[PDB]
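Next up, query_27.cif (mmCIF, C-alpha atoms):
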data_query
loop_
_atom_site.label_atom_id
_atom_site.label_comp_id
_atom_site.auth_asym_id
_atom_site.auth_seq_id
_atom_site.Cartn_x
_atom_site.Cartn_y
_atom_site.Cartn_z
CA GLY A 14 49.48 -55.13 204.65
CA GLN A 15 49.25 -52.69 201.74
CA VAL A 16 52.68 -53.84 200.54
CA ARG A 17 54.56 -57.09 201.19
CA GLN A 18 57.96 -58.55 200.25
CA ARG A 19 57.94 -61.98 198.60
CA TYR A 20 59.98 -64.04 196.12
CA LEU A 21 58.26 -65.19 192.91
CA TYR A 22 58.80 -68.92 192.27
CA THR A 23 56.80 -71.16 189.92
CA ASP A 24 56.33 -74.93 189.83
CA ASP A 25 57.35 -74.88 186.18
CA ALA A 26 60.89 -74.49 187.45
CA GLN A 27 60.46 -77.94 188.99
CA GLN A 28 62.17 -79.30 185.87
CA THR A 29 64.96 -76.75 186.38
CA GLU A 30 64.99 -75.20 189.86
CA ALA A 31 64.88 -71.44 189.36
CA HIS A 32 63.20 -68.26 190.61
CA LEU A 33 62.09 -65.14 188.74
CA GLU A 34 65.01 -62.70 188.65
CA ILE A 35 65.20 -59.11 187.38
CA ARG A 36 68.47 -57.97 185.82
CA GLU A 37 70.03 -54.58 186.48
CA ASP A 38 70.00 -54.09 182.75
CA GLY A 39 66.22 -54.32 183.03
CA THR A 40 66.07 -57.82 181.52
CA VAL A 41 64.20 -60.70 183.20
CA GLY A 42 64.64 -64.45 183.56
CA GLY A 43 65.26 -67.32 185.97
CA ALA A 44 68.26 -67.79 188.27
CA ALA A 45 70.27 -70.68 189.69
CA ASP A 46 69.10 -69.81 193.22
CA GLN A 47 67.15 -67.19 195.16
CA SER A 48 68.98 -64.00 194.17
CA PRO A 49 68.43 -60.48 195.69
CA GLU A 50 66.84 -59.40 192.40
CA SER A 51 64.25 -62.16 192.86
CA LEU A 52 62.81 -60.09 195.69
CA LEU A 53 59.81 -58.10 194.45
CA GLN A 54 57.82 -55.59 196.50
CA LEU A 55 54.21 -56.66 196.07
CA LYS A 56 52.18 -53.46 196.14
CA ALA A 57 48.39 -53.16 196.01
CA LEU A 58 46.98 -50.45 193.73
CA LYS A 59 43.26 -51.16 193.52
CA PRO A 60 41.28 -54.19 194.80
CA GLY A 61 42.34 -56.93 192.36
CA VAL A 62 45.22 -54.89 190.86
CA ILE A 63 48.81 -54.88 192.15
CA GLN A 64 52.28 -53.54 191.28
CA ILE A 65 55.73 -55.13 191.60
CA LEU A 66 58.96 -53.22 192.26
CA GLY A 67 62.33 -55.00 192.62
CA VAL A 68 64.30 -53.88 195.67
CA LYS A 69 67.78 -54.62 194.30
CA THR A 70 67.28 -53.00 190.89
CA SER A 71 64.64 -50.53 192.06
CA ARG A 72 63.02 -51.24 188.69
CA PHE A 73 59.30 -51.62 188.11
CA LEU A 74 58.55 -54.96 186.47
CA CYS A 75 56.27 -54.18 183.52
CA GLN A 76 55.19 -56.22 180.49
CA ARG A 77 55.35 -54.79 176.98
CA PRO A 78 52.36 -55.22 174.57
CA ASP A 79 54.35 -58.01 172.91
CA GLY A 80 54.14 -59.80 176.27
CA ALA A 81 57.83 -59.56 177.26
CA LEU A 82 58.87 -58.76 180.84
CA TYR A 83 61.35 -55.98 181.60
CA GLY A 84 62.30 -53.71 184.52
CA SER A 85 61.55 -49.99 184.12
CA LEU A 86 62.75 -46.90 185.97
CA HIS A 87 59.37 -45.17 185.60
CA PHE A 88 55.94 -46.39 186.69
CA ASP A 89 53.32 -47.36 184.09
CA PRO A 90 50.02 -48.93 185.37
CA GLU A 91 48.93 -49.89 181.85
CA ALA A 92 51.83 -52.39 181.80
CA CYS A 93 53.10 -52.43 185.40
CA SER A 94 49.66 -53.50 186.68
CA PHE A 95 48.42 -57.08 186.90
CA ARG A 96 45.26 -58.89 187.96
CA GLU A 97 45.81 -61.43 190.74
CA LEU A 98 44.20 -64.82 190.10
CA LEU A 99 44.07 -66.83 193.32
CA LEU A 100 43.19 -70.51 192.93
CA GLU A 101 41.55 -72.55 195.68
CA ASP A 102 44.19 -75.08 194.78
CA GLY A 103 46.52 -72.62 196.50
CA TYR A 104 48.13 -71.27 193.30
CA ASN A 105 48.61 -67.58 192.46
CA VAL A 106 49.01 -66.02 189.00
CA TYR A 107 49.44 -62.56 187.44
CA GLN A 108 48.11 -61.16 184.16
CA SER A 109 48.00 -57.69 182.60
CA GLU A 110 44.54 -56.11 182.75
CA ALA A 111 45.38 -53.54 180.08
CA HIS A 112 45.17 -56.02 177.17
CA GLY A 113 44.83 -59.34 179.00
CA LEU A 114 48.45 -60.24 178.26
CA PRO A 115 49.61 -63.21 180.44
CA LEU A 116 52.74 -62.92 182.60
CA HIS A 117 55.58 -65.27 181.65
CA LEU A 118 59.37 -65.39 181.72
CA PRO A 119 61.27 -64.34 178.52
CA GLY A 120 63.06 -66.88 176.31
CA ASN A 121 59.99 -69.11 176.35
CA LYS A 122 59.72 -68.47 172.60
CA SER A 123 62.36 -71.11 171.84
CA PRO A 124 60.20 -72.87 169.18
CA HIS A 125 60.46 -71.65 165.58
CA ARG A 126 56.69 -71.23 165.41
CA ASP A 127 54.82 -68.67 167.52
CA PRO A 128 51.26 -69.91 168.27
CA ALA A 129 48.81 -67.27 169.51
CA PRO A 130 47.54 -69.50 172.38
CA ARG A 131 49.71 -69.43 175.51
CA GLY A 132 49.12 -70.68 179.06
CA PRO A 133 50.33 -68.52 182.02
CA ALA A 134 53.01 -69.74 184.44
CA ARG A 135 51.71 -70.66 187.89
CA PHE A 136 53.58 -68.68 190.56
CA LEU A 137 54.06 -69.52 194.23
CA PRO A 138 55.14 -66.37 196.17
CA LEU A 139 57.55 -67.07 199.06
CA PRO A 140 57.88 -64.88 202.23
CA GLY A 141 60.42 -62.11 201.57
#
Translate the structure described by the file into structure tokens.
Amino acid sequence: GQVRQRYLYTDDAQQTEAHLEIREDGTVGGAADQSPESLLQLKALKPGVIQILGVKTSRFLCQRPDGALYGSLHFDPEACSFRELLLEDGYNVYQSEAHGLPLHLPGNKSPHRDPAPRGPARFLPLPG
């Protein structure tokens, strides 16, 4: 079970049903329904650290220092690695261990202001 295939879906989408989707252009965001690009290969690097590679785009989902998500052709553990936080409540979350940057979908910066504080999006992986 070194690597598993699962779809990333969060309860935040409850307001607007959507699943994490990776664009071929390397961009990221939600989708109307479960799209092929929503399928991410969950790979385990080191105990507590994992990697995610989209099957459709064959791009490695990595977060930039700014905290934005984007697919990349090359592998970078400093940004393509995340710490898995498993809650007894049955919720799973991902965060970058490099700088402690939280994982979140892009476009969330709709407000004019940009507060430093930011809560991570709870994700519920679904069987691939």
Residues selected by the PyMOL selection byres ((chain A and resi 114) around 12), written as a PyMOL selection string: chain A and resi 75-82+91-96+107-113+115-117+129-133
Residue 30 (chain A) surroundings by all atoms listed in the file, 8 Å radius, close-in-sequence under 2 positions cut, as a ChimeraX atom specification: /A:26-28,32,45-46
Distance criterion (all atoms listed in the file): nearest to residue 23 (chain A) out of A:48, A:41, A:140, A:106: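 Nearest to residue 23 (chain A): A:106.
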Closest of A:17, A:87, A:125, A:36 to residue 69 (chain A) - atom-to-atom distances counting all atoms listed in the file: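 Looking only at the distances to residue 69 (chain A), the closest residue turns out to be A:36.
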Two-atom distance - CA of residue 100 (chain A), CA of residue 61 (chain A) (Å):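 Going from CA of residue 100 (chain A) over to CA of residue 61 (chain A), I get 13.6 Å.
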Nearest to residue 86 (chain A) by atom-to-atom distance, counting all atoms listed in the file, from A:62, A:39, A:123, A:101: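 That would be A:39, the residue with the smallest distance to residue 86 (chain A).
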Near-residue 40 (chain A) list (7 Å; only C-alpha atoms; drop same-chain fewer than 3 positions) as a list in words: residues 35, 36, 83 and 84 of chain A
Writer output for current selection, C-alpha atoms, as a PDB file, in the coordinates of the input:
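For reference, part-v4.pdb as written:
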ATOM      1  CA  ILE A  35      65.200 -59.110 187.380  1.00  0.00           C
ATOM      2  CA  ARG A  36      68.470 -57.970 185.820  1.00  0.00           C
ATOM      3  CA  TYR A  83      61.350 -55.980 181.600  1.00  0.00           C
ATOM      4  CA  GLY A  84      62.300 -53.710 184.520  1.00  0.00           C
TER       5      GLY A  84
END
Proximity to residue 135 (chain A) - best of A:68, A:63, A:53, A:98, only C-alpha atoms: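 Comparing A:68, A:63, A:53, A:98 against residue 135 (chain A), the winner is A:98.
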Using all atoms listed in the file: which of A:72, A:90, A:19, A:51 has the shortest distance to residue 31 (chain A): A:51
Among the residues A:127, A:24, A:50, A:33, the one that comes closest to residue 105 (chain A) [using all atoms listed in the file]: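 Residue with the minimum atom-to-atom distance to residue 105 (chain A): A:24.
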Each side padded by 8 Å, which centre and which edge lengths in Å (one decimal) define the axis-aligned box around the listed atoms of region 14-30 of chain A? Give them as AutoDock Vina command-line options.
--center_x 57.1 --center_y -66.0 --center_z 195.3 --size_x 31.7 --size_y 42.6 --size_z 34.8
Separation of CA of residue 73 (chain A) from CA of residue 121 (chain A), in Å and rounded to one decimal: 21.1 Å
Å distance separating CA of residue 64 (chain A) from CA of residue 14 (chain A), one decimal place: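 Computing the Euclidean distance for CA of residue 64 (chain A) and CA of residue 14 (chain A) yields 13.8 Å.
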